[PDB]
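**Q**
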Amino acid sequence: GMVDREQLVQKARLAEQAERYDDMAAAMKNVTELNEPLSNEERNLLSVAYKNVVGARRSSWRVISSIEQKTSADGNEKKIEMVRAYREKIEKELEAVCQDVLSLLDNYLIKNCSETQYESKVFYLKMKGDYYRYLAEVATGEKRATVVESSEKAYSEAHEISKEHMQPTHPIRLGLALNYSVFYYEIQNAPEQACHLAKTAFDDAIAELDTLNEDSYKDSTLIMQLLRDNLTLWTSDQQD
Amino acid sequence: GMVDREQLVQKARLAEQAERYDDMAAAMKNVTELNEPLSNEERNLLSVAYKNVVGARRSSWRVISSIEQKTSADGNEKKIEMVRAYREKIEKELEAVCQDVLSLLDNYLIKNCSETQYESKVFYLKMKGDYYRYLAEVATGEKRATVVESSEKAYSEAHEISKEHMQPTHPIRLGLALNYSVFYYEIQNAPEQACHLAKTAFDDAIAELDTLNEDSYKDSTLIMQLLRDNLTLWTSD
Amino acid sequence: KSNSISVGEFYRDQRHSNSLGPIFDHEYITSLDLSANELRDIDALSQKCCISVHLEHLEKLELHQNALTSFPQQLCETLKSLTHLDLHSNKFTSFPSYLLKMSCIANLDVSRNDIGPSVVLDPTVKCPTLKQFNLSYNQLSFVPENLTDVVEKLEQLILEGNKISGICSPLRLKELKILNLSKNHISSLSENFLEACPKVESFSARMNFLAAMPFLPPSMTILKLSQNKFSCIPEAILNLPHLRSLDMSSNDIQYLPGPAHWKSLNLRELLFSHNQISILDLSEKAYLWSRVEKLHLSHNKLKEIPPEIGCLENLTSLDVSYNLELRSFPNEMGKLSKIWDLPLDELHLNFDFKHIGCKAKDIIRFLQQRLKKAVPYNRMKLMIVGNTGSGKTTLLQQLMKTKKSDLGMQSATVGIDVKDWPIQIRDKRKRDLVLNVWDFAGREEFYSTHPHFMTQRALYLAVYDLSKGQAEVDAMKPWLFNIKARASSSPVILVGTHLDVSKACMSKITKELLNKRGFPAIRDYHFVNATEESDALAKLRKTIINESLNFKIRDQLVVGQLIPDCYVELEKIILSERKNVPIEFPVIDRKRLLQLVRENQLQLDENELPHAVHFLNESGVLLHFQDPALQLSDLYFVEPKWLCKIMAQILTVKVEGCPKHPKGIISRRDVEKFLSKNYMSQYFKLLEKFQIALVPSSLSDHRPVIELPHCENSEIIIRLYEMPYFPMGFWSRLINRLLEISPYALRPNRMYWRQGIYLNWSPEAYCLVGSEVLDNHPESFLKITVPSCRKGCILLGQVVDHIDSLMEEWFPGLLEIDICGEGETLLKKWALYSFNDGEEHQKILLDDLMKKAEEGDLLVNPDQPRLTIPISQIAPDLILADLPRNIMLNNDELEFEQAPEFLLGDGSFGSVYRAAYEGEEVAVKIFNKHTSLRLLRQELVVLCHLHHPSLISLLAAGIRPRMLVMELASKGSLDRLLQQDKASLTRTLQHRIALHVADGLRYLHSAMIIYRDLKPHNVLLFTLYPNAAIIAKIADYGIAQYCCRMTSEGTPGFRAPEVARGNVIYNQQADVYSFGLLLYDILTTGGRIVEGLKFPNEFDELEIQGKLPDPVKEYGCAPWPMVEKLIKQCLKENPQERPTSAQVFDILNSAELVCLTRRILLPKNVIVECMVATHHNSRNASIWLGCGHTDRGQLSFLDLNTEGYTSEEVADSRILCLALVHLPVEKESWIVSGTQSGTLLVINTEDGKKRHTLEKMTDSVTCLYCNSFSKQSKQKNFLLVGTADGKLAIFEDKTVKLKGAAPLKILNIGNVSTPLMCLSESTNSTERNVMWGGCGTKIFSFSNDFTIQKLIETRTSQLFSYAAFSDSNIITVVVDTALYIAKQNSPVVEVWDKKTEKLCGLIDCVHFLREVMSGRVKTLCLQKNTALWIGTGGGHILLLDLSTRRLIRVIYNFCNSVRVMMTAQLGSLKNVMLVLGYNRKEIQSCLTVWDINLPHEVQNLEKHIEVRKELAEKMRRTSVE
Ligand SMILES: Nc1nc2c(ncn2[C@@H]2O[C@H](COP(=O)(O)OP(=O)(O)O)[C@@H](O)[C@H]2O)c(=O)[nH]1
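Top line first, the protein sequences correspond to chains B, C and A. Quick note: the first sequence, position 51, residue 50 per the entry's author numbering, numbers continuous. Quick note: the second sequence, position 223, residue 222 per the entry's author numbering, numbers continuous. Numbers 907 to 919, 930 to 942, 982 to 1457, 1463 to 1637, 1644 to 1659, 1668 to 1718, 1726 to 2027, 2031 to 2397, 2411 to 2478, 2488 to 2527, taken from the entry's author numbering, label the letters of the third sequence in order.
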């Protein structure tokens, strides 16, 4: 029955030590509903909790979608019917969680961010683009068009702020670049644009690795090698 | 036969492919409430689904109890009270799941077992013993004693049926032996008894491995590795 | 899925039980063989019984191996055409002399008989027909006296292995070809011995006592004279103008006359081994042996090979091994590339050989490159080695005269810190030797990687740290022991490093204890200060230089070794590249090295690189690892000073947040370290493939307390390995080398104690490879204990083999008996035993050497012999008891005798003998001294679990002495049978032999073992009866010999293109290529081998590429080109493009392949729908086709012996069918035809102009039939015309000549809407050949009356499944016990009855076709009485047995659509059926030819497969139990 902020964040800490992410997500719901700007640690907790809760359902969704695609060839009405119903159930669950997340960012986090809180607004725009991407991953048609437009607008804003005030080796900006490129490659189906953006971010972070502190250095790398893997995967299947 | 069983079992299958364990747990629960004996595939799917849902909670209970013990020395009332509330909440979730599976077992699954259906009754006694020791992991006091008494009774019945009716090398019987041994060591805190039953099951299986079919060979040996591993671990002092 | 990251997740980044883990599973016959039956007498067949008249035409008999005595005179006169009289091992006493009275007899073989002392020939017989008078291995005392006056045409008189002592007759015989006096006791030969034999070519006298040749005739070709007592070769051999080979081994000669004394231009093989030759004169005329190909000079006292040996370019197999004083190969032999074999046994050269290649052809290339330009090489290794800290870095930094020494306090050495420093000596010698200094790691943590870097060519140093004098030197003994263990002949210079600090009496202890007791050759010592330059430093420098220059391992002077200048240039380029390689990743890939060698003007190729890189590795520039297990041959490590520095990083720093693993055990974790300089994990795993690190280094040095289940001193057996000090790289490498030791399941309990394993499976079997130190004994012991149970014996055998292999591989210094002094050998491998069974209170030592010396008995006893202990219970490694118990020797029942050489018959002068075992004849193999006990058990342990029916299977093996027992190949190796018993080959047994070897190859490949050496010399046969279960067998000894000691290069004649070149690694595709070569040879029946024996270099260089000639064109044999397509598939140069063994076996497994003779691809874009065969001209049958590509008619003559297709336009309208009508009179066969215009056209066989069309018939002709009606009491024939109206224009045989033949009986059966399209004839002749034809849909028949006998309707069916399948025009009809009818586009065949006229059966093609994967009936053809064939509209053939079972087999994947279906007979291979299918990719009518003999075979072979599978699955229970 603990309500205050400290008990909430400590409950979130226990949850992340307990591998129970739903309670963590509720705790961050309440912490953000306290309408106070979030520090780095609470922000990280909110991010990881909601990332896990969306990732579980996303894994369930792509598994079920692959099963549906395989079973569609055989053509049995009942199995396709129940598969479609279960996929719709998972889709509704994803839509509920993502709508909660985006309502939270629109109503609480971006609103109380000052004009000088550049990193906070970029980070929030970052997950909002990510979660609109998650919506699009199950959306088709006009709803898909609306969500991709929303995610593109959010991503362009986030990229512009990132360019204007972050230095390129900041891990937040690199993660934004990775998720933007994933959006371009997977949703926009424009691998050239994603490759160009990823290579630009890669070269820019090369430009500054000379004068990076080791604490920031490994933070830069542990995103950089993944970025380079994404580039190599995208550049290994060109026109042949 | 008024509710479509095949739809439920196919839903459970697409769930086990989709790691949605709560949904398979509910579907298995329903199809067993349909009041007809469960096949080996359905029986083991029920087993794995409920084992998974109880095991995630068991792991959560273990980690939170560990942090409780490591933080109680610091003398922080807020920390201790919060961790205590969280661990009691984990325990109450475990108790809900466990009373559910126990009612499902005794009310439905054991009741409709014929006298000659050795394998099913052995398996269900193994399950009830497993869940009873699961409670013992979180039970204390007189409740702890009552649960371990029930677990010992069910284990004794399962062991007696299996040893009287079927061979040692059957996977269910050696798994029964493994669960009996771990109950003796971890709950009873009687390493000598656990080692004795473990070695008895071991050499009883070895006595007849010569004429084991290759199909059952891995089924026996992949868990015989576990018996020998705990035997090695236990006698290491 | 793309890598998406939550940056929050980015910021965020005990077992205690083991319960149930959800496993949740899921024409008289000629050849009669009477050899195997024990016949004591053959007199039963000599009488006048029912078989006495049939024997007259035998021509072939085998009465060998039985116990006949005194062959009856009646039988030899019974038959008068016998020409292959073969019988040996019969118990006769004297030659009958009555066995030569028949008319024409040759091949008279008596090869083992106990013929009397004299074999005098009765002069009352004058038979010259004898061609082989084989008198092998008799008790003869004198050559048959009446050979001259009785047998005149004798060619092969073989009397080897006899006791003919006195000088023989002048031998007035004129027709000899080959003479053999081998293994006789001869004093000499008379001057008129061979003066009356002007035709001999292969005189061979072996194992005799001869002195000189008595005027050998110029006719000589082959002379074998090894094993004699000489002093020089007499001139009578030296003047033979046609001598081709000369075997002169096992002799005692002194001088070989040079080229100007042989007077021959065709010397090829020169065998002069085991003799005493001092000079090899070649200077006078080097080109005079330009064609010599073989030259063996082994076991001779050769001084040096003259430079003129570069001129005989034909030399192929050179042998100068066992010389022990050669020490040099001239650079001139590098021009002589034809060598494929050059043994290098027991001689030392100016270079190190046999690293991983050196397969006797890279040596030639090395010598040639050295001939190009030879320059001195000056690169030594100075491996400074210390202990925990000494004057190593401080002494090296001042030995190098490094003035700077910027680091005032240099930290501890990590890795080896490889450095190179030049020394230009300011003296007369300009030689500027540069040598690398490797200051190894002092600290004991790194001690498990150093042995990798201790090469036999080095000048080691060790450093005292004299401050702790007389005590620290005791701790340095392990280092010198390791130096001896790694490089026995490597000088060591110990140096003191501390004179400013304080104890100089260390010289006394060094000279007293450390000097020369089991330690390397300490050549000098010094006491330098190692702090500032002084006269001591100058003396140390002078000593180090003087010792480097006088290294002389094997007296060779390594400091000035000679190599090709290409080596120097490549060393220079890699040195230049060293400063241009990324610091973060200095490894160079193979492509980079190739680009580097391309950039400059180097002269090596892709094949000179492997030896170049290894020599340069031996001289410390770049480390490259060519071992296939370490999949890092692509990587090249330039500037190793980085690689060692990185490999040693892990041993110094280990960090864990939580102790998830015990100390010494590390989970697989990656550390980025350098980023983006490509990052590659193969070196990360190399860190484990080095066996460096699970890190055995720093892994629980103290042993855990461990108690055995049974320690009653009787059920356990112990072995001890007392050695002075455990080498550094021993215990970690032993622990990793043990890996897993499998008792012949569940993985054991593995414990990893720094020196110890103790892996166990049960209280029944365990293995404790411990390390304990006994009190009052400074030495270190490796105690190893295992139970006495059988599994324990297997475990002990495997671990003792592994530890001995490790010691033989990495530490040759230890296991080397030092003759100087005494045979201490530094490894006193003890064996502990106890007479008192239990509570013996003492374990008695006994050296393993003396125990293995006690091999004369099986039981070991002490001086008090009443109580005894078995050896096999004390050391199951000496007794071959560790292997499965079914392969014991059991010498009691082994009826064996090594001494006789007539039991040596298996193989020519081979080591495989013949003896009796368990009551049956077996072929025993005697092992020589080359194979050691470890090698032999390594071979037999892998040979003890092959067990495949078409493979030789080990039966017994044992000691006293060392032999091996395998199954006896009664027919011997396949090469002999394909070279002189081709008549036994009859176009079918080739297929069975190929099947059996293909099964063996497939089984071996499934076991991940490839033969790598598969020749007709390796196909051991057992019977020649084709219908046998076990026929062919491939020797499994080749793979054992390959894997035991690593003929891996293979025979040049039968070798894959990728193996002879040696550039690419080998695979199963080489075995596939060799199998295709076997197919080619077995098709040629030894035709290629004969052509290759006289031209070996071309025989190899022609088959090295896929340009083998057409077998049919070059060699006279049956074409059978289907298997030629299989060969071309297996002859492909691309390895992966060749089919795998499983596929070729399966396509061979089909019974249709032997039957399908061939396939003819008729030229592009032609359509044909009709065909007729020719049977009367059975000598050669050509095929006549029609035309469908043109609306007009065009006859298509096609031959079969020439495959020559011709086109001739003959009709204005398309011809639909043809027919052959033959007239016994006038000897001709007219060809009639029918077209859509009704123009019945007749054409002569040999005349293309005598064409006269018959009556123009109103409609389109659909069928033409030639029949057999002899109703006029004479040979008569008619003709039948199938047309589109049912009008039968029946003609006569002889009336077709006249223009417009008058029909006999015009029978209009059908209507305009009911046409006629098919005819057939009765299957039997007792019904006067009732003829059944199909008009429209109903079936109808006549007889000689030519009236409609039946009017059976098929549309009115009471089992209607579909209408049009029965309501359509007929297509085919066959006359048998039942009637099979197929309609147009009808995939269902109807079975009608002749009498009852009912649908007895309804067989659907799809009812079988849909079970294996369009598809409908296209054509039909029935056999005589056995099988039916349905021609599917696709590319599937179904075999229909009309008797009991419908489906026999479906043959698909050969074509795409089957258009025609009819039989024929061709060229003495009568009764062959023909198909013409399509293979669309454009219509290609693939004419394909299939013999019809198989209806028995198609089921007999599968009966040979079902019986094959059962024993391919039955006696695998031996592997289980
Ligand atoms: N004071 C003194 N120190 C010495 C003398 N000889 C060697 N040393 C010390 O020995 C050390 C050499 O380190 P070293 O053994 O080469 O390190 P390692 O290669 O890892 O074994 C230096 O730090 C020197 O100070 C000496 O004569 N006097």
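Quick reminder that beta carbons are idealized off the backbone N, C-alpha and C, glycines included.
#1: Does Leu196 of chain C come within less than 8 angstroms of chain A when only Cβ atoms are used?
#2: Is the number of C-beta pairs between the stretch 77-92 of chain C and the stretch 58-69 of chain C that are closer than 8 angstroms three or more?
#3: Can you check DSSP and say which residues form a bridge with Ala1812 of chain A?
#4: According to the Cβ coordinates, are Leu1936 of chain A and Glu1948 of chain A closer than 8 angstroms?
#5: Restricting to Cα atoms, I'd like to know which of A:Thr2340, A:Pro1619, A:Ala2126 and A:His1407 is closest to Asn1577 of chain A.
#6: May I ask you to list the residues that DSSP assigns as paired with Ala2203 of chain A?
#7: Mind checking if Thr220 of chain C is an interface residue toward chain A, Cβ cutoff 8 angstroms exclusive?
#8: Out of A:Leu1611, A:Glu1797, A:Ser1443 and A:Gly1397, which one is the CA nearest neighbour of residue 946 of chain A?
#9: Would the stretch 1768-1779 of chain A count as touching the stretch 1851-1868 of chain A if we require 3 or more Cβ pairs under 8 angstroms?
#10: Going along chain B in order, which residues have a C-beta closer than 9 angstroms to the C-beta of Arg918 of chain A?
#11: Going by the CB atoms, is the gap between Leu2383 of chain A and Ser2465 of chain A shorter than 8 angstroms?
#12: When the cut-off is 8 angstroms and only beta carbons count, does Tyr184 of chain B lie next to chain A?
#13: For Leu232 of chain B, count neighbouring Cβ atoms within 10 angstroms of its own Cβ and tell me buried if that reaches 16, exposed if not.
#14: Would you kindly report the start and end of the unbroken alpha helix (DSSP H) that includes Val2209 of chain A?
#15: State yes or no: is the beta carbon of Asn229 of chain B nearer than 8 angstroms to at least one beta carbon in chain A?
#16: Could you list which residues in chain A have their beta carbon closer than 7 angstroms to that of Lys50 of chain B, in chain order?
#17: So, is the C-beta of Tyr85 of chain B closer than 8 angstroms to a C-beta in chain C?
#18: Please state the DSSP three-state secondary structure of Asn2185 of chain A.
#19: Mind reading off the beta-carbon distance from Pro2036 of chain A to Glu2117 of chain A? Whole number of angstroms is fine, and I expect it under 8 angstroms.
#20: Name the DSSP bridge partner or partners of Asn1206 of chain A?
#21: Do you know how far the Cα of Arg1246 of chain A is from the Cα of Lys1086 of chain A?
#22: Mind pulling the chain B residues with CB within less than 8 angstroms of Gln6 of chain C?
#23: For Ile2144 of chain A, which beta-bridge partners are listed by DSSP?
#24: For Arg2235 of chain A, list the residues DSSP reports as bridge partners.
#25: Can you pull the DSSP bridge partners for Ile1907 of chain A?
#26: Regarding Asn1489 of chain A and ligand 1, is the C-beta to nearest heavy atom distance less than 7 angstroms?
#27: In the DSSP assignment, what are the bridge partners of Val1518 of chain A?
#28: Quick one: complete alpha helix (DSSP H) runs, 4+ long, within the stretch 1490-1542 of chain A?
**A** From the atom records:
#1: no
#2: yes
#3: A:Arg1693
#4: yes
#5: A:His1407
#6: A:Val2216
#7: yes
#8: Coordinates for residue 946 of chain A are absent; the numbering of chain A skips from 942 straight to 982.
#9: yes
#10: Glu15, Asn43, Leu44, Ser46 and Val47
#11: no
#12: yes
#13: exposed
#14: First-last for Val2209 of chain A: undefined, no H or E at that position.
#15: yes
#16: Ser912, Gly914 and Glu915
#17: yes
#18: coil
#19: So it is not a contact: roughly 17 angstroms between Cβ atoms.
#20: Paired residue(s): none; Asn1206 of chain A is not in a bridge.
#21: 33 angstroms
#22: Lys77 and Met81
#23: A:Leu2493
#24: A:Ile2227
#25: A:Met1944
#26: yes
#27: The partner list for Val1518 of chain A (beta bridge, DSSP) is empty, contrary to what the question assumes.
#28: 1495-1509 and 1525-1538
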